[PDB]
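Shown below, as structure tokens, is a lone chain in the form deposited without the ligand; questions about how it binds or moves come after it.
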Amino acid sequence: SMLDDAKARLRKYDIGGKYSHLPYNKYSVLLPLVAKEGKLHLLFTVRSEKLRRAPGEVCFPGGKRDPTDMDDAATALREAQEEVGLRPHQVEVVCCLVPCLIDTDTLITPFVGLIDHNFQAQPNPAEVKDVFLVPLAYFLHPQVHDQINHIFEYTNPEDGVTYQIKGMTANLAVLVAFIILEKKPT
């Protein structure tokens, strides 16, 4: 099946807890995969304009580890619940992808999660201005704009709204698309 095939592919790239104890400032993100209309999608957030760090930017759910978290995956799930109402029974964490080093002292660990079909986002407006889906296949043939760094522009066909996706968030989306969609019979 589509979902069993995606999980099998993802597991081959799992690094597990290999880098998890290193003494960094630690953040986790959840890369949430949603199946709709017979295709996989990634779920993104738009950060609230009142946040001091990166207002109005497209981001995956996530945040800083705190002492309650049993592990890095728990960070991702706790933050996703706070931001978009995703409950733990609604997500299966499949793997941990290569972590992202930034600022010399920070390590961001991405987890891919399969999201239940009955989940409906409840954006928490103190943190999230918007939530939207992009088909995973978009990231194989994105609409690129050069600002010099590459920015993706995705237009939702439901409503015509265009979102800019860039940086680590864009990078991770392409990685997941490659992992799941490369070398597939039609």
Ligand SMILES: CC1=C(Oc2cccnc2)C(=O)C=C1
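When you see a residue number, it is the position in the sequence shown, counting from 1. Rigid core (definition): largest C-alpha set, two forms, superposition within 1.5 Å.
- For the pair 129 to 137 and 51 to 59, greater average C-alpha departure from the shown form in 8 other deposited structures of this protein after core alignment is found in 51 to 59.
- Coordinates are absent for 10 or more residues of the deposited sequence placed between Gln147 and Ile148.
- Two stretches are in play, 49 to 57 and 151 to 159, and the higher mean C-alpha B-factor belongs to 49 to 57.
- For the two regions 30 to 38 and 122 to 130, the entry's Cα B-factors average higher over 122 to 130.
- In the PDB entry, the Cα temperature factor peaks, among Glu92, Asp103, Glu79, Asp72, at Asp103.
- Comparing the listed residues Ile15, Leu22, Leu172, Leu10, the entry records the largest Cα B-factor for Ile15.
- Looking at the C-alpha B-factors along this chain, the one for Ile180 belongs to the lowest third.
- Annotation for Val84: C-alpha temperature factor in the middle third relative to the rest of the modelled chain, per the entry.
- The deposited CA B-factor of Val98 belongs to the highest third of values across its chain.
There is also a form solved in complex with the ligand; it is not shown, and the following applies to it.
- Exactly one listed residue, out of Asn149, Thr155, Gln143, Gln120, brings a non-hydrogen atom to within 4.5 Å of the ligand in the deposited bound form: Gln120.
- Contact annotation for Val131: at least one heavy atom lies within 4.5 Å of the ligand in the deposited bound form.
- Though the partner is left out of this view, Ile115 does reach within 4.5 Å of the ligand in the deposited bound form, counting heavy atoms only.
- Residue contact with the ligand in the deposited bound form: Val34 places a heavy atom within 4.5 Å of it.
- Heavy atoms of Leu43 reach within 4.5 Å of the ligand in the deposited bound form, making it an interface residue.
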